[PDB]
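Pasted below: query_30.cif, mmCIF, C-alpha atoms.
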```cif
data_work
loop_
_atom_site.label_atom_id
_atom_site.label_comp_id
_atom_site.auth_asym_id
_atom_site.auth_seq_id
_atom_site.Cartn_x
_atom_site.Cartn_y
_atom_site.Cartn_z
CA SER A 1 6.27 -6.96 -16.43
CA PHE A 2 3.48 -4.41 -16.19
CA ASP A 3 2.13 -5.43 -19.60
CA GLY A 4 -1.48 -5.74 -20.73
CA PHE A 5 -1.63 -9.35 -19.50
CA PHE A 6 -0.55 -8.24 -16.03
CA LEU A 7 -3.09 -5.42 -16.24
CA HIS A 8 -5.82 -7.99 -16.88
CA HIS A 9 -4.99 -9.61 -13.53
CA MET A 10 -4.57 -6.31 -11.70
CA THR A 11 -7.84 -4.97 -13.10
CA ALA A 12 -9.62 -8.03 -11.71
CA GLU A 13 -8.05 -7.48 -8.30
CA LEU A 14 -8.91 -3.76 -8.33
CA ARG A 15 -12.55 -4.45 -9.21
CA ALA A 16 -13.01 -7.07 -6.50
CA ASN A 17 -12.00 -4.43 -3.95
CA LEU A 18 -13.19 -1.13 -5.42
CA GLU A 19 -16.20 -1.62 -7.68
CA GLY A 20 -19.17 -0.07 -5.90
CA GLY A 21 -16.75 1.80 -3.67
CA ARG A 22 -16.91 5.44 -2.70
CA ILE A 23 -14.13 7.93 -3.30
CA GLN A 24 -13.44 9.67 0.02
CA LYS A 25 -10.40 11.69 -0.86
CA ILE A 26 -8.20 12.63 -3.75
CA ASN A 27 -4.56 13.63 -3.47
CA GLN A 28 -1.52 14.14 -5.71
CA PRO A 29 1.37 13.40 -3.31
CA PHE A 30 3.84 13.32 -6.20
CA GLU A 31 4.30 14.93 -9.57
CA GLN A 32 2.71 12.29 -11.79
CA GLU A 33 0.95 10.26 -9.13
CA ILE A 34 -2.58 10.45 -7.75
CA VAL A 35 -3.94 8.62 -4.71
CA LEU A 36 -7.63 8.05 -4.02
CA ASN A 37 -8.78 7.02 -0.57
CA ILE A 38 -11.69 4.66 -1.18
CA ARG A 39 -14.31 3.07 1.04
CA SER A 40 -15.69 -0.20 -0.25
CA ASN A 41 -16.92 -3.47 1.22
CA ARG A 42 -16.54 -1.92 4.67
CA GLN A 43 -12.81 -1.60 4.03
CA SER A 44 -10.81 1.52 3.38
CA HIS A 45 -8.49 1.29 0.37
CA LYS A 46 -5.66 3.37 -1.09
CA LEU A 47 -5.52 3.33 -4.90
CA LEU A 48 -2.32 4.45 -6.63
CA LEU A 49 -2.42 5.80 -10.18
CA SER A 50 0.99 6.59 -11.61
CA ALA A 51 1.72 8.03 -15.02
CA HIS A 52 5.43 8.14 -14.07
CA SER A 53 7.39 7.68 -17.28
CA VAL A 54 9.47 4.88 -15.75
CA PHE A 55 7.44 3.47 -12.85
CA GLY A 56 3.98 4.07 -14.30
CA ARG A 57 1.48 1.64 -12.77
CA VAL A 58 -1.81 1.12 -10.92
CA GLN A 59 -2.23 -0.72 -7.64
CA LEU A 60 -3.73 -0.62 -4.18
CA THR A 61 -1.11 0.26 -1.60
CA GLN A 62 -0.57 0.08 2.15
CA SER A 63 1.84 2.99 1.84
CA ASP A 64 1.26 6.26 3.68
CA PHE A 65 1.54 9.62 1.90
CA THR A 66 2.32 13.19 2.91
CA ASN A 67 -0.11 15.39 1.05
CA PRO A 68 0.66 18.85 -0.10
CA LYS A 69 -0.67 21.83 1.49
CA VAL A 70 -1.93 23.67 -1.48
CA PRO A 71 -3.78 21.62 -3.97
CA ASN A 72 -3.43 22.00 -7.63
CA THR A 73 -6.01 22.91 -10.18
CA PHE A 74 -5.93 19.39 -11.64
CA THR A 75 -6.58 17.89 -8.21
CA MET A 76 -9.25 20.45 -7.56
CA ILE A 77 -11.17 19.61 -10.64
CA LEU A 78 -10.74 15.87 -10.00
CA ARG A 79 -12.00 16.28 -6.43
CA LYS A 80 -14.96 18.23 -7.67
CA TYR A 81 -15.92 15.32 -9.93
CA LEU A 82 -14.77 12.33 -7.88
CA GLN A 83 -15.14 13.26 -4.22
CA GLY A 84 -18.02 11.23 -2.83
CA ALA A 85 -18.41 9.73 -6.30
CA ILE A 86 -19.19 6.01 -6.62
CA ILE A 87 -16.97 3.75 -8.72
CA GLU A 88 -19.51 2.01 -10.88
CA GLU A 89 -17.13 0.34 -13.30
CA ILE A 90 -13.48 -0.36 -13.77
CA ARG A 91 -12.61 -1.43 -17.31
CA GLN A 92 -9.42 -2.24 -19.15
CA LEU A 93 -9.37 -1.21 -22.79
CA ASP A 94 -9.01 -4.42 -24.69
CA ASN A 95 -5.75 -5.96 -23.69
CA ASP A 96 -3.95 -2.68 -23.79
CA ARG A 97 -2.27 -0.86 -20.99
CA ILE A 98 -5.22 1.49 -20.48
CA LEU A 99 -7.70 1.36 -17.55
CA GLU A 100 -10.93 3.36 -17.17
CA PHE A 101 -12.79 4.16 -13.95
CA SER A 102 -16.43 5.01 -14.60
CA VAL A 103 -17.71 7.05 -11.67
CA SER A 104 -21.14 8.50 -10.92
CA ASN A 105 -21.87 11.59 -8.84
CA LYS A 106 -24.39 14.36 -8.26
CA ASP A 107 -23.84 18.07 -8.85
CA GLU A 108 -25.00 20.85 -6.52
CA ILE A 109 -28.63 20.59 -7.69
CA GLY A 110 -28.95 16.80 -7.66
CA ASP A 111 -28.37 16.20 -11.36
CA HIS A 112 -26.59 13.02 -12.46
CA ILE A 113 -22.86 13.52 -13.07
CA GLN A 114 -20.99 10.87 -15.03
CA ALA A 115 -17.26 10.84 -15.71
CA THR A 116 -14.57 8.35 -16.70
CA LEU A 117 -11.08 8.51 -15.26
CA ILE A 118 -8.70 7.17 -17.90
CA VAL A 119 -5.22 5.90 -17.09
CA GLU A 120 -2.93 5.37 -20.07
CA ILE A 121 0.31 3.59 -19.27
CA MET A 122 2.71 4.19 -22.13
CA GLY A 123 6.10 5.01 -20.63
CA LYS A 124 7.03 8.64 -21.21
CA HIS A 125 3.66 9.20 -22.90
CA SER A 126 1.64 8.06 -19.89
CA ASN A 127 -1.42 10.10 -18.83
CA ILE A 128 -4.37 10.37 -16.44
CA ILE A 129 -7.38 11.86 -18.14
CA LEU A 130 -10.80 12.79 -16.80
CA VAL A 131 -13.47 12.55 -19.50
CA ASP A 132 -17.19 13.36 -19.69
CA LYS A 133 -19.42 10.41 -20.56
CA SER A 134 -22.23 12.19 -22.46
CA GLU A 135 -20.25 14.25 -24.94
CA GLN A 136 -16.90 12.44 -24.90
CA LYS A 137 -15.07 15.61 -23.89
CA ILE A 138 -11.90 15.81 -21.82
CA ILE A 139 -12.48 17.49 -18.48
CA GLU A 140 -8.86 17.52 -17.26
CA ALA A 141 -5.55 15.66 -17.72
CA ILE A 142 -2.45 15.20 -15.57
CA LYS A 143 -0.45 16.10 -18.67
CA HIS A 144 -1.83 18.43 -21.31
CA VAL A 145 -0.78 17.96 -24.94
CA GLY A 146 -1.48 20.46 -27.72
CA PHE A 147 -2.54 20.16 -31.33
CA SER A 148 0.73 19.80 -33.23
CA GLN A 149 0.71 18.38 -36.76
CA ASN A 150 2.51 15.42 -35.28
CA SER A 151 -0.60 14.05 -33.71
CA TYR A 152 -3.90 12.28 -34.21
CA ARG A 153 -5.10 13.79 -30.97
CA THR A 154 -5.21 16.72 -28.67
CA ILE A 155 -5.28 16.47 -24.93
CA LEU A 156 -6.83 19.59 -23.46
CA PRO A 157 -9.91 20.56 -21.47
CA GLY A 158 -12.72 20.61 -24.02
CA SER A 159 -10.98 18.33 -26.51
CA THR A 160 -12.78 15.29 -27.89
CA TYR A 161 -11.33 12.12 -26.46
CA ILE A 162 -9.77 9.66 -28.89
CA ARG A 163 -8.15 6.50 -27.63
CA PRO A 164 -4.52 5.80 -28.55
CA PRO A 165 -4.11 4.61 -32.15
CA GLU A 166 -5.52 1.12 -32.62
CA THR A 167 -3.09 -1.68 -33.43
CA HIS A 168 -3.52 -4.70 -35.68
CA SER A 169 -2.75 -7.03 -32.77
CA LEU A 170 -5.43 -9.36 -31.40
CA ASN A 171 -6.81 -9.43 -27.87
CA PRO A 172 -5.75 -12.93 -26.76
CA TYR A 173 -8.70 -12.99 -24.37
CA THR A 174 -11.35 -12.69 -27.10
CA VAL A 175 -9.74 -14.54 -30.01
CA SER A 176 -12.18 -17.06 -31.52
CA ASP A 177 -11.39 -20.77 -31.76
CA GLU A 178 -11.20 -20.68 -35.55
CA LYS A 179 -9.02 -17.58 -35.82
CA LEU A 180 -6.83 -18.76 -32.93
CA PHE A 181 -6.58 -22.20 -34.54
CA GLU A 182 -5.23 -20.89 -37.84
CA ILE A 183 -2.65 -18.70 -36.09
CA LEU A 184 -1.20 -21.41 -33.86
CA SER A 185 -1.56 -23.72 -36.83
CA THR A 186 0.32 -21.75 -39.49
CA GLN A 187 2.28 -18.93 -37.84
CA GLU A 188 5.67 -18.78 -36.12
CA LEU A 189 5.29 -19.01 -32.36
CA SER A 190 8.50 -17.37 -31.13
CA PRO A 191 8.32 -15.02 -28.14
CA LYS A 192 8.84 -12.06 -30.51
CA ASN A 193 6.15 -13.01 -33.01
CA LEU A 194 3.67 -13.78 -30.22
CA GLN A 195 4.26 -10.24 -28.97
CA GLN A 196 3.43 -8.99 -32.48
CA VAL A 197 0.27 -11.02 -33.08
CA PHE A 198 -1.33 -10.36 -29.70
CA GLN A 199 -2.13 -7.29 -27.61
CA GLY A 200 -0.60 -6.61 -24.22
CA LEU A 201 2.10 -9.29 -24.18
CA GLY A 202 5.45 -8.23 -22.75
CA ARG A 203 8.63 -10.09 -23.68
CA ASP A 204 8.65 -11.97 -20.39
CA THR A 205 5.01 -13.03 -20.82
CA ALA A 206 5.31 -13.97 -24.50
CA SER A 207 8.37 -16.08 -23.65
CA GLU A 208 6.54 -17.96 -20.98
CA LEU A 209 3.61 -18.35 -23.37
CA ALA A 210 5.90 -19.82 -26.04
CA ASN A 211 7.15 -22.66 -23.85
CA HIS A 212 3.47 -23.73 -23.72
CA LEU A 213 2.57 -23.94 -27.42
CA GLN A 214 4.51 -26.94 -28.75
CA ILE A 215 1.53 -29.31 -28.49
CA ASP A 216 -2.22 -29.24 -27.82
CA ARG A 217 -1.78 -25.62 -28.84
CA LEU A 218 -5.39 -24.39 -28.92
CA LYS A 219 -6.23 -25.70 -25.46
CA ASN A 220 -2.80 -24.77 -24.12
CA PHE A 221 -3.25 -21.17 -25.26
CA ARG A 222 -6.59 -21.04 -23.44
CA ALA A 223 -5.02 -22.59 -20.35
CA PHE A 224 -2.22 -20.01 -19.99
CA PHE A 225 -4.64 -17.09 -19.94
CA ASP A 226 -7.04 -18.95 -17.60
CA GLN A 227 -4.48 -19.37 -14.83
CA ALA A 228 -5.24 -17.84 -11.46
CA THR A 229 -3.33 -14.74 -10.31
CA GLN A 230 -0.17 -15.84 -8.52
CA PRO A 231 1.95 -12.73 -7.73
CA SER A 232 5.68 -13.31 -8.12
CA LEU A 233 9.07 -11.74 -8.60
CA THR A 234 10.91 -12.71 -11.77
CA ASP A 235 14.54 -12.44 -12.88
CA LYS A 236 14.47 -8.72 -13.67
CA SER A 237 10.94 -7.86 -12.68
CA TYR A 238 7.58 -9.18 -11.49
CA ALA A 239 4.56 -10.98 -12.94
CA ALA A 240 1.04 -12.23 -12.19
CA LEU A 241 2.30 -15.80 -12.61
CA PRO A 242 5.52 -17.61 -11.57
CA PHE A 243 7.52 -17.36 -14.81
CA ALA A 244 10.50 -19.63 -15.49
CA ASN A 245 13.67 -18.89 -13.48
CA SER A 246 11.81 -16.82 -10.89
CA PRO A 247 13.81 -16.37 -7.65
CA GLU A 248 13.39 -19.38 -5.33
CA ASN A 249 13.51 -17.84 -1.83
CA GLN A 250 10.24 -16.03 -2.46
CA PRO A 251 7.53 -14.85 -0.05
CA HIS A 252 3.92 -15.69 -0.83
CA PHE A 253 2.34 -12.44 -1.96
CA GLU A 254 -1.31 -12.26 -0.94
CA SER A 255 -1.94 -9.95 -3.86
CA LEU A 256 -0.50 -8.16 -6.88
CA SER A 257 -0.78 -4.89 -4.98
CA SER A 258 1.34 -6.14 -2.07
CA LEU A 259 3.78 -7.46 -4.67
CA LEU A 260 4.16 -4.00 -6.16
CA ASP A 261 4.27 -2.32 -2.77
CA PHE A 262 7.31 -4.55 -2.24
CA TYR A 263 8.91 -4.19 -5.68
CA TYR A 264 8.74 -0.39 -5.91
CA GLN A 265 9.68 0.17 -2.28
CA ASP A 266 13.17 1.54 -2.99
CA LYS A 267 11.87 3.57 -5.96
#
```

How does this structure look as structure tokens?
Amino acid sequence: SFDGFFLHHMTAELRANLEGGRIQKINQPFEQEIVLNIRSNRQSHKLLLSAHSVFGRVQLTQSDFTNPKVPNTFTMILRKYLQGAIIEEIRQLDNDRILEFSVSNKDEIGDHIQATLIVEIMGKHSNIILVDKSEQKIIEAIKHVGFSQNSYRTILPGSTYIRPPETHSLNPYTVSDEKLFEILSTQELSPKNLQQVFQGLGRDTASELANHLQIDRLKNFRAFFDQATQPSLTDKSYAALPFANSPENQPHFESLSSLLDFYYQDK
């Protein structure tokens, strides 16, 4: 699934191709989707950012797009900040389904412009938010959300950016030996409870994880998260590793992005 774990692998892939890259073009070919043409490593890349409530995702793509004639105000402000900008850093927020693109640019007079494009993948509450580095203020957002008594946050130009409400879960990538030892040593290790204790684990992932924690648990835990990216289809979905019961007649995907190009082909 497109969980936090999968995002860890995808982030890695995106960085290898795009970090240090230059944003050539910005387009919004569909309602909740933005595509950035990027030049990096003497290759030209297409980066898809989707806050679609059902198919929300990030990936490079080989797909071609028919861009609208008349740009929108959101695109316009994005272009104004990102066109020609350099992608200095791509960073996942902990093991959550949130990805940040730190870009640098110059304004009309040569002064240093720094922004952070934030992609929050949370189903129907997904968003793409441009934020100013210095004073953490929202520049623009693909979906604006008012102050409401209902909310811990406001999503509007000028608003102060607060990250989605922190959870009690633990990043499984940064869990210390001692803390990790006591968990695997005293807690229930069912797929469901693993989902609870750790950030960014989908049900498919946590299930696969579980099959690996009956012995040598500490080292086994480490080993699962240290596996190399191996893009595959699963029973109902896709993953960055070949989970149990994966289809058997499967092509070798040269990347997670080609995997998703394939999976989302028919919408």

### Task
Taking (-10.8, -2.7, -9.0) in the file's own coordinates, collect the residues within 10 Å, counting only C-alpha atoms, and hand them back as a ChimeraX atom specification.
/A:10-21,47,58-60,87,89-91,99,101

Expected file: the selected residues, C-alpha atoms, as a CSV table (one decimal), in the coordinates of the input:
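Result saved to selection-v2.csv:
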```csv
chain,number,residue,atom,x,y,z
A,10,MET,CA,-4.6,-6.3,-11.7
A,11,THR,CA,-7.8,-5.0,-13.1
A,12,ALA,CA,-9.6,-8.0,-11.7
A,13,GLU,CA,-8.0,-7.5,-8.3
A,14,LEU,CA,-8.9,-3.8,-8.3
A,15,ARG,CA,-12.6,-4.4,-9.2
A,16,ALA,CA,-13.0,-7.1,-6.5
A,17,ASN,CA,-12.0,-4.4,-4.0
A,18,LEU,CA,-13.2,-1.1,-5.4
A,19,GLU,CA,-16.2,-1.6,-7.7
A,20,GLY,CA,-19.2,-0.1,-5.9
A,21,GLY,CA,-16.8,1.8,-3.7
A,47,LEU,CA,-5.5,3.3,-4.9
A,58,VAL,CA,-1.8,1.1,-10.9
A,59,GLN,CA,-2.2,-0.7,-7.6
A,60,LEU,CA,-3.7,-0.6,-4.2
A,87,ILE,CA,-17.0,3.8,-8.7
A,89,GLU,CA,-17.1,0.3,-13.3
A,90,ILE,CA,-13.5,-0.4,-13.8
A,91,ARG,CA,-12.6,-1.4,-17.3
A,99,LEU,CA,-7.7,1.4,-17.6
A,101,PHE,CA,-12.8,4.2,-14.0
```

### Task
Tell me which residues the PyMOL selection byres ((chain A and resi 262) around 12) grabs here, as a ChimeraX atom specification.
/A:59-63,231-233,237-238,250-261,263-267

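Going from CA of residue 120 in chain A over to CA of residue 27 in chain A, you cover 18.6 Å.
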
### Query
To one decimal place, how far is CA of residue 197 in chain A from CA of residue 247 in chain A in Å?
29.3 Å

### Task
Quick one: everything within 8 Å of range 163-177 of chain A, counting all atoms listed in the file, minus sequence neighbours fewer than 6 positions away in the same chain. Send it as a ChimeraX atom specification.
/A:94-95,152,196-200,218,225

Next, the residues of the selection above should be written as a PDB file, in the frame of the given file with C-alpha atoms.
```
ATOM      1  CA  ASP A  94      -9.010  -4.420 -24.690  1.00  0.00           C
ATOM      2  CA  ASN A  95      -5.750  -5.960 -23.690  1.00  0.00           C
ATOM      3  CA  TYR A 152      -3.900  12.280 -34.210  1.00  0.00           C
ATOM      4  CA  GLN A 196       3.430  -8.990 -32.480  1.00  0.00           C
ATOM      5  CA  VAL A 197       0.270 -11.020 -33.080  1.00  0.00           C
ATOM      6  CA  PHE A 198      -1.330 -10.360 -29.700  1.00  0.00           C
ATOM      7  CA  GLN A 199      -2.130  -7.290 -27.610  1.00  0.00           C
ATOM      8  CA  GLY A 200      -0.600  -6.610 -24.220  1.00  0.00           C
ATOM      9  CA  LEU A 218      -5.390 -24.390 -28.920  1.00  0.00           C
ATOM     10  CA  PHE A 225      -4.640 -17.090 -19.940  1.00  0.00           C
TER      11      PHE A 225
END
```

### Task
Write out as number ranges by chain which residues come within 6 Å of residue 86 in chain A when counting all atoms listed in the file, dropping same-chain ones fewer than 4 positions away.
A: 21-22, 103-104

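When all atoms listed in the file are used to compute distances to residue 217 in chain A, the closest of the residues A:184, A:117, A:70, A:54 turns out to be A:184.
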
Axis-aligned box for all listed atoms of range 86-102 of chain A, 4 Å per side, centre and edges in Å to one decimal, as lines of an AutoDock Vina configuration file:
```
center_x = -10.9
center_y = 0.0
center_z = -15.7
size_x = 25.2
size_y = 20.0
size_z = 26.1
```

### Message
Running the PyMOL selection byres ((chain A and resi 157) around 6) on this model by hand, what would come out? Give it as number ranges by chain.
### Response
A: 138-140, 156, 158-159
